[PDB]
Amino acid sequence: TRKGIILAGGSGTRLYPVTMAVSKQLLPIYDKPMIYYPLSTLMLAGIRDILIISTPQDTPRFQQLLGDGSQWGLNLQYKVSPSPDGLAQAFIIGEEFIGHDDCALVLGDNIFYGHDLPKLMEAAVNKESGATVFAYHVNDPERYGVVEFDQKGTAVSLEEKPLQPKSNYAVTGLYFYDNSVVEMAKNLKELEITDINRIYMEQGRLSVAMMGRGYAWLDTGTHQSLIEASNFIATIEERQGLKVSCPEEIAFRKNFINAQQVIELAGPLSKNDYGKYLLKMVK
């Protein structure tokens, strides 16, 4: 079974004061809570069993918002982060959730857009040994974590903010692992996502999914990039008449739910265009 984990805690200090009483991942990107975006991304890869890891104060808010996800044909489960850092700790926290299956991990503040994205993810899910990281062409590689890679798609170096960037590809917050990752994390010595990836690479089992022209990616963690993301979503939706990362639309079009369940869900949203969109969609 396809599983995913969403990292949806943290402090959001760069967003103070708006993240002082509101989790970053609950902030609106246009007309949806931020977390709808990484969540839709998992849904588009056919992942219906998802663990959401958040802080002690805000975990119940996510539960208030998302329930158990059964309304969308999903199974959402929740777990509280024990440590401020050590993101690879996710695989330890969710060892049980993961069981014997392969797992995807996506960061709560990551916004992915692209017609061909699901094809990219289906390939990563199908790969059977190792891991697939997702890389995005940037003009300023020096600013992100940088992956230099093979023509096969195999990673050859991983460098955090390299002064001499080996490539123009930034590593995004979307990752695909086989089951051996839980094992790595347990036997790792704060535990970093980067360490885990370097391991797969050292074994040659690390692939790189390339997001080139046509793709958009935002790490929504600063006042500026939040408002850029909101505007980007608002513009795309208004000009091209489609919703971006609308979980009800995705659940419906992938047959997780029927037109009736959609109508009931559109009820509470009927005072705005979100509800009315869902209705036009089902007929």
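The first residue of the sequence shown is number 1, and the count goes up from there.
Practice task
Determine, for stretches 60-68 and 240-248, which one has the higher mean CA B-factor as deposited.
Solution key: The stretch with the larger average C-alpha B-factor is 60-68.
Problem - Between the two ranges 257-265 and 9-17, the one averaging a larger CA B factor in the entry - result: Of 257-265 and 9-17, the stretch with the higher C-alpha B-factor average is 257-265.
Problem - Member of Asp109, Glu96, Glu142, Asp116 with the greatest C-alpha B factor (per the PDB record) - result: Of the options given, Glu96 has the highest CA B-factor in the PDB entry.
Handout entry: Highest-ranked of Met211, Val171, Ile92, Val138 once sorted by CA temperature factor in the record
Key = Max CA B-factor in the entry, restricted to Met211, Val171, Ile92, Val138: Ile92.
Exercise for the section: Classify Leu188 as lowest, middle or highest third according to the C-alpha B-factor given in the PDB entry, relative to its own chain. Expected result: According to the entry, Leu188 has a C-alpha B-factor in the chain's highest third.
Handout entry: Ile233 by Cα B-factor - lowest, middle or highest third of the modelled chain
Key = Lowest third - that is where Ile233 ends up once the chain's C-alpha B-factors are sorted.
Handout entry: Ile50 by Cα B-factor - lowest, middle or highest third of the modelled chain
Key = Middle third.
Handout entry: Third assignment of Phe176 from its chain's C-alpha B-factors
Key = Middle third by C-alpha B-factor.
Practice task
State the tercile, meaning the lowest, middle or highest third, of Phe149 with respect to the CA B-factors recorded for its chain.
Solution key: Its C-alpha B-factor belongs to the highest third of this chain's values.
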